[PDB]
Each structure stands twice: as structure tokens, then as C-alpha cells.
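See below for the structure under consideration.
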RNA sequence: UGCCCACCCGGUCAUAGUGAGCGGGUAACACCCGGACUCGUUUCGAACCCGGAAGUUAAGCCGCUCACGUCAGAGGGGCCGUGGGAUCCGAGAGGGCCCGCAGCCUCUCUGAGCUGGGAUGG
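Residue numbers (this note's numbering): 2 to 77.
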């Protein structure tokens, strides 16, 4: 299923915080194209953030046996 | 030779400045000698004007060193605009975004006199 790792920049009045409660998320998806939609899907409406100020910095794949979160883990 | 080294005549008008220290002169340049005549000091040969010319690199001049002033280069930091467009956001004030441009201050480091025309000196 190839779990993905997303870390990108979105802004209203400098909402950059490359850490984990006001800036970025995790994703489970097949490929980049499906994955890249999801961040648009959520951050686009959940906080009124246009894809203008969306700037994906790092996108990659994590291995299935090491993620700091168990909630994303057990759902398999 | 030579050319630069000063000088006279300059242009550039501080990157070329100011201040201090030091170095260079037997020519050049001044300092410096003396005033009867020229001229002249609301006193003075101070200065100017004339006649000079012993001494002398201490002045100045010149070069160099260091400071500051000052032009740039780079770095750090400070601060931040404006054209072009939308039934875009925001009630407004305002702001983002796509199309074009930037500059501003302040510290650090690095450079910092160029050049035309003629008579001396090497």
C-alpha cells in the first residue's frame, strides 16, 4: 500500500512550523498523485487554505514498522 | 637612454581629506639674507614689493606608516516598497496571490589618487 510521508508549507500570515501541531500531517496512499490530492483535500477546507500558499517541501515513503504514531499503525 | 620623481600650467573635484609619526633633498622647491632704489605697511621690509642669497630637510613641499573622515567590494544585521489584473479574502481598514522591478539603513572584513601640457633631478 506504500504509506507516504508528507511535509509541506501552507500559510495564512506565516503559518510555518515544521513540527507536529500547526504545520503538517501524515498520509496513507498508493502513489504520489493520489497522496498529493489528500493534503489539498483536507488543508484546503479544514482551515481555509488555498492551494496558492501550499508548498510541499518533502514527500517520501516511510517503512511500515517504524512510525511514531500507533493510531496510524493499528488501522492496518 | 629611459621613464617616473618632484616643479610650473592643468583636468578629475575627497577613493584624491584631515591629524599624528617617520623618511627624502647639496638639482628642483621652499625655508632662509637684506631692503638704498620700485612698491608698501590707516605701526612695522611682519606681510606685500624689490635686491637677493649664507645656511638648511627642522617647517612647508614630498613619500611612507597609523588613525579617523570618504568611495566602493563582500559579509552580517536593520527595515521595507511599487507598477500590472481579477464579481479573490476581509464589512472596512487591510492582506495574500499570480505578471515586472527594486532599493534603504547599520556593523564586519578588503581596497583606496587619477590624468593632459612643458623646463629641473634619477
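C-beta atoms are modelled at their ideal positions from N, C-alpha and C, and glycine is treated no differently.
Quiz prompt | C-alpha distance - residue 51 paired with residue 40, whole-angstrom precision | solution = 11 Å
Practice problem: Starting from residue 61, trace the alpha helix (DSSP H) both ways and give me its first and last residue. | Solution: Here residue 61 belongs to no alpha helix (DSSP H); instead the beta strand (DSSP E) covers 56-62.
Quiz item: By how many angstroms is the C-alpha of residue 11 removed from the C-alpha of residue 37?
Solution: 14 Å
Self-check item: Range covered by the alpha helix (DSSP H) that runs through residue 74
Solution: 72-75
Quiz item: Where are the beta strand (DSSP E) runs, 3 residues long or more, that stay fully inside the region 2-31, in chain order?
Solution: 5-10
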